[PDB]
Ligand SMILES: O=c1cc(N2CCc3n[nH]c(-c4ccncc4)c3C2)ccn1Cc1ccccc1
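The chain below stands alone and is given in structure tokens; this is the form deposited without the named molecule.
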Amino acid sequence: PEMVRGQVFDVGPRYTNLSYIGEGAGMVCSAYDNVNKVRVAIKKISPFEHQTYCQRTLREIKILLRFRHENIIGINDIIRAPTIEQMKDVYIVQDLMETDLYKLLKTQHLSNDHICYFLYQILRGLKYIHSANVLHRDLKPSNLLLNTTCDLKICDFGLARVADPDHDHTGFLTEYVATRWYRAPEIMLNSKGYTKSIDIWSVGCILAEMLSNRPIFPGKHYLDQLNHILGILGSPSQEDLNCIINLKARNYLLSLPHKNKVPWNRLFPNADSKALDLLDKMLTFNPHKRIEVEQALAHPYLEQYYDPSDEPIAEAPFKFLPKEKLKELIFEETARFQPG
């Protein structure tokens, strides 16, 4: 059994020369693949004690194995014990990606051509995810992986769900799991984050962050996230308020001092005007009025890239429980990788 930091990282004999990386979810390391002759990334997952983490591990593995797209991280291999009883960890092998958009934005100015290109690839991947009736629900720069030629792949489907717009309504101040700064305004008001518009918001936030290297709405707590949003978009219109039937959420918005829109061209003076037109459409307060992924692809900003015949959709969309049974399902889901 190979060791890294005095812990089992048991992956051989296909994957040799381990270098440590981090502590993502369990721990992460790189390694040399001996069948394909490329180095790879390997995540150790240990979820069998908790039914919640079984559900998340199973959801991510099921989704990633269903999906096949250039702009979504694939699972190359899964390593685990030959029996349920001996299975204590799972190792997920993926393409080694030299960096991510979070890291890149910490030290690199992005040219307008890079921003355009990254945005295109994000939306191309998202078109596919949405076409499978899946919501990612945690899009943010650290979940966008990049290699040295700037190919981009969406990762981390741990919070992803099958779309469920008929059951999206909730009361005011409902607790939310996904990363605060990329949460759409409606999450804090009346939304469980079960519609596609939740992801387009996050993409809008990422576009803004790409332009300035700084998060656009860095809220310090749950309702501060909404005050950051309204300080730029301005107070919602009566029409957009009329769409919020929940009284607590409506009265909260009514209680706030009036705030006027900050023009995008003042926040981002060096930005391409077409980039700002698209940004405005993704960062729209009203989720029903917010641009759809396909409309965003078709926007003049992306005209150099847009090619719907080369923007594939999912062949097999996702149409629609104790940890003991989920361990069996994870074991089952990962069976295809066993020597055979």
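Throughout, we count residues from 1 along the sequence that is shown.
The next section is about a form of this same protein that is not shown, the form solved in complex with the named molecule.
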(message) Is this site open or blocked for the named molecule? Place it by superposing the surrounding C-alphas onto its pose in the deposited complex, then apply the 2.4 Å backbone/C-beta contact test with a threshold of 3 atoms.
(response) blocked
(request) Consider residue 180 of the chain shown here, and say whether it contacts the named molecule in the deposited complex, taking contact as heavy atoms within 4.5 Å. (result) no
(request) Give a yes or no for residue 311: in the deposited complex, does one of its heavy atoms lie within 4.5 Å of a heavy atom belonging to the named molecule? (result) no
(message) Quick check on residue 103: any heavy atom within 4.5 Å of the named molecule in the deposited complex?
(response) yes
(message) Quick check on residue 28: any heavy atom within 4.5 Å of the named molecule in the deposited complex?
(response) yes
(message) With the distance limit set at 4.5 angstroms and only heavy atoms considered, check whether 188, 224 and 231 all reach the named molecule in the deposited complex.
(response) no
(request) May I ask you to choose, among 41, 283, 293, 63, the residue with a heavy atom within 4.5 Å of the named molecule in the deposited complex? (result) 41
(request) Would you kindly say which of 122, 155, 249, 134 lies with a heavy atom within 4.5 Å of the named molecule in the deposited complex? (result) 155
(message) Within 4.5 angstroms, counting heavy atoms, which one of the listed stretches 198-206, 126-134, 215-223, 140-148 is next to the named molecule in the deposited complex?
(response) 140-148
(request) Go through 71-108 residue by residue and record those having a heavy atom within 4.5 Å of the named molecule in the deposited complex; state none if no residue qualifies. (result) 73, 94, 95, 96, 97, 98, 99, 100, 103
